[PDB]
Amino acid sequence: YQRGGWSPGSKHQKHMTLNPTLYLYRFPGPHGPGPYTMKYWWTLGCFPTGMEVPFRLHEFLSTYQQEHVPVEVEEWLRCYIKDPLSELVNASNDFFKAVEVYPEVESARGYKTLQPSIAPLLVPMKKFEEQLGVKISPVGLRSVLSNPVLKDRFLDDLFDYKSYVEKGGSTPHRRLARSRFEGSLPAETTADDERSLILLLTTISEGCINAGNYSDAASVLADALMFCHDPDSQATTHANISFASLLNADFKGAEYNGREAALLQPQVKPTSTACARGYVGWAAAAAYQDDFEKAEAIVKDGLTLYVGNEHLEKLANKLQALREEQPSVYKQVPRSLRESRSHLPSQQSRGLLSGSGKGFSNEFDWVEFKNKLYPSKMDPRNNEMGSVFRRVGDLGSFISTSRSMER
Amino acid sequence: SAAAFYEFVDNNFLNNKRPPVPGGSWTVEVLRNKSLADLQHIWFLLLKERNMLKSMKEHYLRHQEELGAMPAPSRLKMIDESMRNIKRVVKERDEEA
Amino acid sequence: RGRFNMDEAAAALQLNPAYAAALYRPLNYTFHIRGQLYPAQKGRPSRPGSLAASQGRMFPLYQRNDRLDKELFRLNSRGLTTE
Amino acid sequence: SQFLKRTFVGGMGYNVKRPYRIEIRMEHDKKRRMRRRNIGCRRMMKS
Amino acid sequence: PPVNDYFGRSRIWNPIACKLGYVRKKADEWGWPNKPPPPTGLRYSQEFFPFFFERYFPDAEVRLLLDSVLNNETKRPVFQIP
Amino acid sequence: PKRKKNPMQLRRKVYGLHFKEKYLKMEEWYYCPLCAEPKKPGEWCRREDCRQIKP
Amino acid sequence: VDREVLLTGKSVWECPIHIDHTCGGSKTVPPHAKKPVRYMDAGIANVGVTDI
Amino acid sequence: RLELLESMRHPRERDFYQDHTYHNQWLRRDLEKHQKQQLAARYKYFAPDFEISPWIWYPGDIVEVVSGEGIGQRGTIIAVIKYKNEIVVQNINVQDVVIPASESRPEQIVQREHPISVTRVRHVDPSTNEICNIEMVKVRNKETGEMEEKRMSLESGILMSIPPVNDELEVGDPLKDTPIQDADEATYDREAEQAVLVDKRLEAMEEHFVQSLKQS
Amino acid sequence: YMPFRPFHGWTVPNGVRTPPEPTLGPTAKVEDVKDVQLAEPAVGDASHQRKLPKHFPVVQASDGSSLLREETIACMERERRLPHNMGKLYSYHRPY
Ligand SMILES: [Mg+2]
Ligand SMILES: [Zn+2]
């Protein structure tokens, strides 16, 4: 009897005749409310014993009092937003200064030197992104800053964009305002500021590819595509997006952007090779999807259009090297086996990050059903043995199955 | 009829408008100069208004997630003050009699 | 294609479709009979970010029918009055 | 766990009263469904 | 303490009456003890101020439940009655 | 008649092979040539490719 | 009201809520109650000193 | 993080009393000690007689900050939170007011003078332009019979009147506001209305007295 | 016209009306007025003793009568049960 403390929070044996306590299922310990009780605090609304008074004054203060604004004040709040042009100018100036003051990395002999972290650059680039509607990858920015030639390209393009915006204004803002006014009541060519912007975004994407973040490279190219209204710039951006999607194993988007760059051929300047690169990307996406005859047809059409550009020739030689062996093994690639084998390390990393593991993140731990997690039993897409749906019965309506022993 | 139920509901709530806050209430210095008939007339006016306001408050309490706080809540306080002033005047006259 | 319907069977047998459907469910769901209920299926008030939960809204068919309860289980006084 | 089961890692003994209390509790749950009572867990705190 | 701290569904009204109830009732009716008590006839007649005011200036809070008659043509509305 | 055990008596279990094989050990794995996911030889995926040609 | 006044800039002269400092205990005291008059209390406050 | 916690937990471990509770949660009971201390530390104006008397700080007075941050800085009283004993001085204690983002409005940040403590501020004599001790005095107006309270500086003897407070920006609806010319209608005849009341009271009293005589 | 005071740093446009800035009114000297009295001057007096403790709520009319003391108490109790100014309740235990 009573081989420990007397409080209910103690850890030893007690007895009712000497230390009678009321039924306390689960309550927080001596240090703090654990997660096992915060679960009840968030689901049931109070701790599972009912003896604790719910005191949520702090979260009330944090949410409701803060988000409360009188209507008479919110009517005028929107009338004092900062000027977008001045905000863009200030953000561009600050970002340019922060990029220019970035130190040059010293090249050591015998080992790779650690690049200086972009500590004072995440906030200016954040303001730049939130003012221009385009997100920049920090890994790509770090790689561009590490690369000496890419850093010079980025600095020159950012300076040109600054000067153009400060001397003429923001052409994307003008376009959006004119479109909104026309909707309330055509399309000009790509301006100099838009050209500088898409150029610096292409530099950022090239640095991001040199780093090895193909998803972020493709995202930067995608949000840069929204600023080009010229056929040459659009074809170049489509070829770049096709290459980035090929690297990121986005075969569908790669093929789409490649055929878009190919379709932009008649209205492009003859010197540009963006259409050839688009044909290359299209054929490469086909070959990755294992459509070898389709890739051969695409590369043949590309060669006939451009008589033998080096990229098209190398891709055709690779396709011919694959064709000199595919009939020697299987005469073709089976239909039920296409786009089944992994070829790139990007999808390997993606599978490592978001695959099904032994025990968790599989179809036996928890299932998702309309943004809600369910146990393995309550799986509406499966009626395997062990599911609750095998115990429904006839529901007193009609004999649905001819089964005699169960259901 | 439906006209007898339409006075239980606020017209501005039905028309999705902002219900303005009234001027003031019936003060004792003004209610002292009223006869008993006018006093009970304005008392029934206040009674109907208080019924409507309580119906509005109950509706907002039932739908507090969808609908926010009830607009212009000082009307309930004004009605209560007016009714209390009427009761004060009636009690004074009753004590004199 | 002509599967069994409770309403159709009740219309064929003249057995008060509501009462016929109540014949195939626990008595405490349709009558005022002693039966235990799960605390989860009972309604709960509204929270910040979620609407209110009502038992009548979440189980409309599992509601007690006072008419059927009185006409089947409760005794009428018109047959008992003897003046 | 093959080496562990070979070298007897863990309690060589096991619970003996469960294979009967399980069916007892299942019969009791049948009786509870008969009496129109909600089914409760056999071991809420002895776990 | 005699104060009932339970605010649930089985809240019980206390049948036991205390001295303070009578004291407050007298003070509210005829200003005890600053005013002399009215005679028994006036106290037990309809002309006593509480009954007179309850008859001529009624205080009943009958409010309509909008969830019954709002955007639905119904034959049986619902009211909240004292 | 048991008494409290010192920290050195507790760590003696780590010296044995039954403790290391249960807790301190890694897995031999490779990337599934079809799913590009980490995978141990002998166990496969729920997939019409990984069920016919199970890598 | 704190939030609304912070956002608007207006002034507040009376408390937005009635505070019952007795927590409902004054309703237990009879209505005709009043404190007695105490003579010759033990306090230096009635002197009106302003320098000690 | 609730869904992440419940995912990292195991399906075998069950937790009971998810929708109900063994103990009745409608018995009123006190909070924890630290929670009561949080309440007492936050809401200090709930204490009886917390408001400073007499009140001397009204919007429009020039005052200097005598202690704390921004010491020695002058300003003009903008607002007065009288029940909290707080003052909002102009361009003093300016802090950013974060406004959360709604559906159609982004998150905005605005500056506003926050309430300052009354004890750490002192008035400025308008004739001397220096800190002065001000006390409340009572003076009768030469043209108005009322006796109003002014604020006299003990140093120079300068009277500072109290400004009125009234805002007519909000108006009532004409559909439920009776006009003044109809509200101030004197329609009460005391002699005629008191007579019937007295008659009814007397009749009731006489009836009961006759019944008492009957039983006696 | 904006009904509230503009925030620190805002510049009101032309035509927009703003509530007036607070300022002191007229100012006179003490020797010009003849009848000057200090507020609550008598400290040694004994008539200023409270008839009710300092923590009691004020349930009375402005003139001092107690005709509606019970009505005021009932109104205060009803307001404590459910105030009219009560905004959106954050607790997980709401009446509806
Ligand atoms: Mg119970
Ligand atoms: Zn696989």
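Brief remarks follow.
- Of everything in the stretch F:9-55 that is more than 12 Å from chain A (Cβ to nearest Cβ) and of a type in the set (D, E), the residue that is nearest to ligand 1 (Cβ to nearest atom) is F:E21.
- Selected residue (criterion: nearest to the other protein chains (Cβ to nearest Cβ)) from residues of the stretch H:133-164 that are assigned to a loop (DSSP other than H, G, I, E, B) and within 14 Å of I:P26 (Cα to Cα): H:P163
Matching residues to (1) of a type outside the set (K, R); (2) loosely packed, with under 13 Cβ neighbours inside 10 Å; (3) within 9 Å of chain G (Cβ to nearest Cβ):
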residue: I:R5; (1), (2), (3): no, no, yes
residue: I:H8; (1), (2), (3): yes, no, no
residue: I:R17; (1), (2), (3): no, yes, no
residue: I:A28; (1), (2), (3): yes, no, no
residue: I:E31; (1), (2), (3): yes, yes, no
residue: I:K51; (1), (2), (3): no, yes, yes
residue: I:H55; (1), (2), (3): yes, no, yes
residue: I:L67; (1), (2), (3): yes, no, no
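- From the list A:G29, A:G34, A:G45, the one residue that fits, being under 22 Å from H:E6 (Cα atoms) and more than 12 Å from every other protein chain (Cβ to nearest Cβ), is A:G29.
- Of all residue pairs spaced 6 or more apart or on separate chains, those with beta-carbon atoms under 9 Å, a first member in the stretch B:1-29 that is at the interface with another protein chain (Cβ under 9 Å from one of its Cβ atoms) and a second member that is buried (at least 16 other Cβ atoms within 10 Å of the Cβ) and basic (K, R) are B:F8/E:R63; B:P19/B:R75; B:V21/B:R75; B:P22/B:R75; B:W26/B:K34; B:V28/B:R88.
- Screening A:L176 against (1) farther than 21 Å from A:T273 by Cα; (2) in contact with a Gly (Cβ under 9 Å, 6 or more places away or on another chain) leaves a single unmet condition, (2).
- Subset of the stretch H:81-129 that is of a type in the set (S, T, Y) and more than 24 Å from A:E75 (Cα to Cα) - its residue that is farthest from the other protein chains (Cβ to nearest Cβ): H:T119
- Flag if A:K358 is out of contact with any helix residue (DSSP H, G or I) (no Cβ under 9 Å at 6 or more places or on another chain) and closer than 28 Å to F:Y31 by Cα: yes
- When restricted to residues that are under 20 Å from the mean Cα position of the chain (by Cα), closer than 18 Å to B:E58 by Cα and in a loop (DSSP other than H, G, I, E, B), the stretch I:48-89 contains 4.
- The condition of being exposed (fewer than 11 other Cβ atoms within 10 Å of the Cβ) and under 14 Å from A:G355 (Cβ atoms) holds for F:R46.
- From the list H:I52, H:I77, the one residue that fits, being part of a strand (DSSP E or B) and surrounded by 11 or more Cβ atoms within 10 Å (Cβ to Cβ), is H:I77.
- For the stretch H:20-37, taking the residues that are at the interface with chain A (Cβ under 7 Å from one of its Cβ atoms), surrounded by 11 or more Cβ atoms within 10 Å (Cβ to Cβ) and in a loop (DSSP other than H, G, I, E, B), the one that is farthest from ligand 1 (Cβ to nearest atom) is identified as H:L31.
- Checking A:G110, A:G45 one by one, the residue that is at positive phi and surrounded by 14 or more Cβ atoms within 10 Å (Cβ to Cβ) is A:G45 and no other.
- Sole exception among (1) at the interface with another protein chain (Cβ under 10 Å from one of its Cβ atoms); (2) of a type outside the set (G, A, S); (3) closer than 25 Å to B:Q64 by Cα for E:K19, by number: (3)
- Scanning the stretch D:4-47 for residues that are of a type in the set (D, E, K, R), within 18 Å of the chain's Cα centre (by Cα), under 23 Å from H:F16 (Cα atoms) and assigned to a loop (DSSP other than H, G, I, E, B) gives D:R42, D:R43, D:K46.
- Helices (runs of 4 or more DSSP H) enclosed by the stretch E:10-82 - at least 1 residues per element that are among the aromatic types (F, W, Y) and closer than 24 Å to B:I42 by Cα: E:49-56
- For I:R94, the test of being closer than 25 Å to G:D2 by Cα, more than 7 Å from every other protein chain (Cβ to nearest Cβ) and not β-branched (V, I, T) is failed.
- Of the residues screened, H:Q90 is one that is of a type in the set (S, T, N, Q), more than 16 Å from ligand 2 (Cβ to nearest atom) and within 30 Å of I:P19 (Cβ to Cβ).
- Elements of type helices (runs of 4 or more DSSP H) in the stretch A:268-382, at least 3 residues being within 14 Å of chain F (Cβ to nearest Cβ): A:345-353
- Odd one out for H:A41 among (1) farther than 30 Å from I:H8 by Cα; (2) more than 8 Å from every other protein chain (Cβ to nearest Cβ); (3) in a helix (DSSP H, G or I): (1)
- Within the stretch H:7-19, tally of residues that are more than 16 Å from ligand 1 (Cβ to nearest atom) and either assigned to a loop (DSSP other than H, G, I, E, B) or in contact with a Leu (Cβ under 7 Å, 6 or more places away or on another chain) (or both): 8
- Among residues of the stretch F:24-55, those that are near ligand 2 (Cβ under 8 Å from one of its atoms) and among the acidic types (D, E), counted: 2
- Inspection of the stretch E:39-56 identifies at least one residue that is of a type in the set (F, W, Y), within 8 Å of another protein chain (Cβ to nearest Cβ) and within 14 Å of I:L68 (Cβ to Cβ).
- Close Cβ contacts (under 7 Å, 6 or more residues apart or on different chains) running from residues in the stretch C:2-16 that are in a loop (DSSP other than H, G, I, E, B) to residues that are of a type in the set (A, V, I, L, M, F, W, C) comprise C:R3/A:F398; C:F4/A:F398; C:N16/C:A10.
A quick note on method: Cβ atoms are made from the backbone with ideal geometry, for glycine too, and the neighbour counts reach across all protein chains shown. Read the figures in this text as sums done on the coordinates, not as results from a lab.
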